[PDB]
Amino acid sequence: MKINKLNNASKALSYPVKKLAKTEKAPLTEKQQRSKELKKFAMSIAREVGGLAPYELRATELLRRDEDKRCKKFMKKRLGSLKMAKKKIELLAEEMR
Amino acid sequence: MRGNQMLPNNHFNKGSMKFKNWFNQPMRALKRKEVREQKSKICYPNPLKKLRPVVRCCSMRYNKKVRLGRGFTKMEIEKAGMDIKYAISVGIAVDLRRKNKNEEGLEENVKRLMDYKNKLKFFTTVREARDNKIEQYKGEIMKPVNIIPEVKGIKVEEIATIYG
Amino acid sequence: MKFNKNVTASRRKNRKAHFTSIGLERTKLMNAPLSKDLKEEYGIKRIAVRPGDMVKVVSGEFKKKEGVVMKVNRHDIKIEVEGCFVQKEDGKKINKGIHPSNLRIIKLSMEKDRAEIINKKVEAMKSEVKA
Amino acid sequence: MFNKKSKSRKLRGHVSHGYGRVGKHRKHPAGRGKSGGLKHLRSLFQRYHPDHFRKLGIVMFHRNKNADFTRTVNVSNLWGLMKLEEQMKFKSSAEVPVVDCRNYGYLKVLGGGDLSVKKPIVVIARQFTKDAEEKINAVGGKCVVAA
RNA sequence: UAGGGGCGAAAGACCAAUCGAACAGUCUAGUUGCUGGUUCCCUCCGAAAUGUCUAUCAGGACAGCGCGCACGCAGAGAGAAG
RNA sequence: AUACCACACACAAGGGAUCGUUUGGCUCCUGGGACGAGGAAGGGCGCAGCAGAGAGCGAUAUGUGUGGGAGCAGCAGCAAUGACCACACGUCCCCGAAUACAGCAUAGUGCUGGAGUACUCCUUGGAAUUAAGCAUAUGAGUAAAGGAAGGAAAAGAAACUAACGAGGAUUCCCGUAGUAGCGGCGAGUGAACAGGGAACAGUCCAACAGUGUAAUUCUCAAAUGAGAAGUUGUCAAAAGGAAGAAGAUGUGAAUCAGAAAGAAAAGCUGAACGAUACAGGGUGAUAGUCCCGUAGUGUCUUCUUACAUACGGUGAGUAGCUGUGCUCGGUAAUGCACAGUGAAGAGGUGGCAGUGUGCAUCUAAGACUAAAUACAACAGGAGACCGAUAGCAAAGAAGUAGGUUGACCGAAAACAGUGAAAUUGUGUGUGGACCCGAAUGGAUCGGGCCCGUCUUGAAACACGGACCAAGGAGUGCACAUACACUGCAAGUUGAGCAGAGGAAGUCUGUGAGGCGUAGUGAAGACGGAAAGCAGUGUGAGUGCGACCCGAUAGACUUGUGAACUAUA
């Protein structure tokens with residue numbers, strides 16, 4: 001059997017290359033900026049025209065009573081992900097302020 | 001079951017199993033030969049195969065061996081002074097998915113491009129090549145070899161300073 | 001040796017092709033050699049035997065005989081020659097048929113289209129002979 | 001021998017084909033495959049295959065062979081990797097050979113036996129045993145670890 | 001009105017000489033620890049119907065007794081004398 | 001035993017074995033992959049000078065044109081004013097999707113329906129069987145039943161692998177591997193990346209179209225007008241070519257004679273001649289030169305293929321979550337669904353559940369794509385295949401004669417050859433069931449129960465066997481194994497695939513992988529004996545129909561039946 005002869009320490013070694021730095025892409029052109037602005041604008045109009053959904057109302061009500069941990073549990077069960085819940089709570093909080 | 005054997009494990013239980021024979025092997029070989037030949041006439045002066053880069057193999061087991069890859073990157077082509085549309089016209093393969101992460105790997109693939117450019121010859125029409133009696137190249141172009149090297153010797157004073 | 005792979009060398013296939021022949025291919029079966037003189041009078045070396053032509057029998061029972069062709073049986077490949085016959089118990093006489101290749105032509109029947117048939121064959125030769 | 005007649009051809013004319021008159025030759029008198037092993041075939045298993053009925057060891061749901069594959073050489077064989085014509089040069093010559101085990105597909109060096117020629121050598125590999133290191137240093141050689 | 005369905009003044013009766021679950025065709029060469037059969041000559045060697053475990057008792061496997069190839073070799077299915 | 005019964009031999013009967021022969025079958029390879037409302041596939045009925053079946057053809061039931069050219073198989077008649085054949089065209093009765101119909105689109109014309117389905121895609125979904133019982137599991141996502149398309153079909157340009165010093169669409173071959181794992185952890189099941197090759201190719205829509213004028217598509221007119229679609233958004237450019245391949249068809253060398261003998265010479269004997277042609281077939285026995293071809297050479301006809309504009313980073317009842325059912329090697333969820341619930345613009349993944357945080361790699365919920373790969377009908381070429389109880393069921397008017405109420409089921413028969421055995425008559429001999437040993441001029445003497453088979457034991461009042469011929473049962477592949485034989489040896493090898501070559505053979509490369517070169521532990525970790533690899537065969541184990549024949553049963557169908565009998 002030609003397997004499992006080296007230790008983990010010696011398997012971790014590596015050859016000394018010379019690396020190339022990554023080309024950063026930070027510049028964003030004028031036309032790309034206007035494009036992003038118009039999309040964010042459109043998102044405002046929808047919220048203005050049609051308002052909040054039932055679970056969003058129930059959520060925001062709990063935030064007024066400082067029921068932070070109840071709101072957390074509630075949102076987790078509605079959206080599934082604990083990450084989506086943490087994000088949606090932060091967006092709702094900012095809307096109320 | 002009787003006596004001493006390695007315990008059986010032969011998988012022939014399934015009644016829907018198909019068998020594949022290979023009686024066609026010599027004939028299909030002859031067809032592949034005849035297709036290449038006729039394809040070679042359609043583009044007579046030009047090689048049938050394109051030029052390909054040299055890359056390094058994958059795991060810890062094959063690190064020390066070099067191999068042909070799919071295509072040159074936009075950076076390799078540009079560094080050797082060409083443009084992508086021209087490279088295609090001259091029979092160089094292109095792969096825009098590949099990335100460059102080393103100095104060494106880049107330098108070697110630039111050499112291949114410059115070597116190939118130098119060995120080419122250009123013609124106005126097919127008849128000109130025909131009249132000059134040009135013989136078209138067959139097989140892969142500039143393939144790697146990966147031989148075993150040879151044992152170098154070193155003087156006892158060097159041993160302290162370089163370590164092979 | 002044969003180097004063309006589209007032509008068969010099977011005994012079974014060659015035999016079926018013979019016996020099931022029709023049309024012009026059937027006519028090719030009735031060919032005979034011409035005598036040495038006629039091969040100077042005309043360009044041709046061999047022709048299909050027809051009624052009224054004059055033939056020497058060169059093999060079999062009736063060897064050395066000469067006579068006029070009476071009939072040509074295409075289905076059972078045989079020719080009937082004047083004066084080649086057998087007598088039954090009754091005294092009645094039946095013409096016995098001879099296979100084309102055992103004959104040789106001595107004089108040609110030139111009735112009908114024969115002169116045009118000969119011309120057509122001579123031209124077909126020269127067309128390629130002179131090239 | 002390259003060819004021999006079979007047994008079946010001698011059994012023509014003899015009634016039972018060598019299976020017995022009382023015992024006969026039936027279809028499956030003992031069961032199919034390797035079944036029965038805890039029951040009527042327990043004596044075969046306990047004699048020839050005692051470690052069959054068990055579960056054992058640590059589990060990884062996916063393994064990669066290329067990441068773990070290795071091959072081993074002993075110190076007594078190091079000089080043997082070189083060609084015989086090459087061996088016979090370095091034996092007399094004033095120079096020191098530089099042998100890289102990676103080039104022959106070896107990655108680990110073991111301490112078996114004594115070195116073929118008692119003069120210095122440089123050995124390149126990924127791992128050495130403690131015995132191997134001591135033996136190479138004994139002759140004034142050097143061990144170089146490399147990837 | 002048609003097959004795990006019909007129809008029955010009820011006998012498990014009848015449903016194309018078939019009914020305590022029809023016919024045709026296919027899966028399918030279904031399975032069988034059980035019965036029957038198993039095809040030329042001469043030469044040489046030659047058994048067992050016992051033990052252990054088995055949903056085991058008309059079956060298996062392991063060991064014991066045959067044969068083939070045989071590295072090698074002071075032994076013996078008998079007596080004496082303590 | 002005059003005449004009965006038995007045996008031997010000769011002749012005549014009776015049957016169709018054996019040997020000789022074959023315009024048929026089977027297998028592998030290559031091409032082809034061509035139907036229908038312009039009425040198909042399949043069914044029926046008519047048509048000849050004498051004509052039942054089969055073949056061919058439609059009330060034009062042998063018509064027209066082109067290329068050829070000699071007879072029409074029997075009898076009577078026809079034929080250079082064209083017998084007969086080959087290529088195309090014209091004509092083409094009734095039933096059948098069967099339609100004067102149904103559904104559906106356009107400004108309008110229209111399109112679909114039925115047939116076929118070996119191979120490919122989408123659904124639905126068993127049981128026998130194995131586990132020596134059986135219920136999870138296996139057989140198997142197989143059989144069966146439905147929908148759909150093409151000469152191939154499907155797939156296809158990363159919400160991809162990997163942790164290397166990394167690679168880079170899909171499909172196919174060698175391989176990782178009978179491994180990691182799944183499993184009454186039982187029986188049994190079971191993938192992926194790498195490394196070596198064949199073939200290679202990338203692009204479109206939405207997000208996002210000239211506003212100093214819809215610049216766009218269609219119809220009729222006209223030589224410049226009317227009208228329809230469309231602002232719920234139309235409109236984003238090139239001709240062009242010689243190559244390549246497959247068929248059809250023309251031509252095409254060179255011999256005569258003889259004794260004996262035979263129905264017949266091509267045999268045998270002597271003398272010649274051809275060869276870039278001695279592949280094969282036919283001729284009254286075994287032919288290079290008698291006939292058709294073959295090697296070599298000409299012509300012609302079809303088919304295939306090729307240059308232009310404008311752009312990015314937000315595609316929702318979706319991804320995901322909870323419950324549930326099926327599925328996969330996928331294991332505290334691999335994929336697919338249904339109900340509740342339901343995002344963010346930034347999200348998805350890194351084979352073990354959760355929370356946090358850097359790092360690497362990608363961009364789902366819209367579309368298209370060649371080549372390398374698979375396999376019926378029909379056509380062509382080959383074979384260490386079968387030779388009329390064989391080979392396809394079928395070498396002749398074979399899916400026929402014939403049969404089921406129905407679905408469905410289904411034979412025999414070669415040559416006017418040879419002419420065995422069982423069995424029969426006549427003649428001549430020898431015996432009274434017959435075999436073995438030994439003999440006479442002649443009466444006979446001695447020994448023997450009926451074979452095969454299970455069985456402690458068969459001549460048995462145990463079973464099978466009236467007689468003869470022909471057929472009739474340890475085979476093939478995969479995986480480990482011990483032995484015999486062969487080459488090389490710390491190594492070894494016909495992987496696939498490329499190069500050469502009038503070629504399914506052979507020769508040569510490139511080049512993986514596997515096993516071996518030393519073991520110990522679950523593992524972290526450590527390390528210190530023992531010739532192998534690949535073949536040619538034999539004995540033997542396991543899985544597949546598995547030495548040959550044989551159940552009562554179980555399941556599945558968009559298959560059939562109330563002509564007998566039950567009841568309204």
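Residues numbered from 1 in each chain as written, not as in the entry; some residues may be left out. Chains lettered and ligands numbered in written order. Part of a larger assembly, values for the part shown. Heavy atoms only, no water.

- The deposited coordinates derive from cryo-EM, with the record listing a resolution of 10.8 Å.

### A closer look at the overall build of chain A
Thought 1: When helices and strands are tallied, chain A shows five helices and zero strands.
Thought 2: Reading the secondary structure of chain A in the N-to-C direction produces α-α-α-α-α.
Thought 3: The C-alpha atoms of chain A give 25 Å as radius of gyration, which overshoots the globular expectation for 97 residues (13 Å, by more than 25%).
Thought 4: Within chain A, contacts between residues at least 6 apart in sequence are counted, and of these 35% link residues at least 24 apart.
Thought 5: Between the centroid of the 28 positive side chains of chain A and the centroid of its 12 negative side chains there is a distance of 15 Å. (Helix = DSSP H or I, 4+ residues; strand = E, 2+ residues; numbered from the N terminus. Rg over C-alpha atoms; globule rule 2.2 N^0.38 Å. Contact = heavy atoms within 4.5 Å. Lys, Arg positive; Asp, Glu negative; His and termini not counted. Charge placed at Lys NZ, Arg CZ, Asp CG, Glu CD.)

### Regarding the side chain of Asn-109 of chain B
Residues and elements named next belong to chain B.
Thought 1: Mapping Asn-109 onto the fold places it in helix α4 (residues 103–118).
Thought 2: The class for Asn-109 is buried, based on a relative accessible area of 2%.
Thought 3: At 2.9 Å, the side chain of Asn-109 forms a polar contact with the backbone oxygen of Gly-105.
Thought 4: Those residues in contact with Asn-109 that lie beyond four places of it in its chain are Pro-53, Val-54, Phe-72, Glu-76 and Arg-98. (Buried < 20%, exposed > 50% of the residue type's maximum accessible area, 1.4 Å probe, protein only. Polar contact = N/O pair within 3.5 Å; in protein donor to acceptor, adjacent residues only side chain to side chain.)

### Concerning the interface of chain D and chain B
Thought 1: Between chain D and chain B, the residue contacts involve 29 residues of the former and 22 residues of the latter.
Thought 2: Summed over both sides, the interface of chain D with chain B buries roughly 2400 Å², with 67% coming from carbon and sulfur.
Thought 3: At the boundary of chain D with chain B, the tally comes to zero salt bridges.
Thought 4: Our count for the chain D to chain B interface comes out at four residue pairs in polar contact.
Thought 5: Elements that contribute at least two residues to the side of chain D that touches chain B include exactly α1 (42–48), α2 (84–90), β2 (96–100), β4 (122–125) and β6 (142–145) of chain D.
Thought 6: Sort the elements by how many residues they give to the side of chain D that touches chain B and β2 of chain D lands first, with four residues.
Thought 7: Along the lines of polarity and charge, the residues of the side of chain D that touches chain B split into 18 nonpolar, five polar and six charged. (Buried area = accessible area lost by both parts, 1.4 Å probe. Salt bridge = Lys/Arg side-chain N within 4 Å of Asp/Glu carboxyl O. Nonpolar A, V, L, I, M, F, W, Y, C, P; charged D, E, K, R; others polar.)

### Quick look at the UniProt feature "binding site: Mg(2+) 1" (unreviewed entry) in chain A
Residues and elements named next belong to chain A.
Thought 1: Per the UniProt entry, the sites bearing "binding site: Mg(2+) 1" (unreviewed entry) are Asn-4 in this numbering.
Thought 2: With respect to the helices and strands, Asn-4 occurs in the segment before α1 (8–11).
Thought 3: Under the relative-accessibility criterion, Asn-4 is labelled exposed at 55%. (UniProt positions renumbered as here; feature names shortened; annotations may be inferred.)

### Quick look at the environment of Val-86 of chain C
Thought 1: Structurally, the position occupied by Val-86 of chain C is in strand β6 (residues 85–87).
Thought 2: Separated by ten residues in the primary sequence, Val-86 of chain C and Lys-96 of chain C place their C-alpha atoms 6.9 Å from one another.

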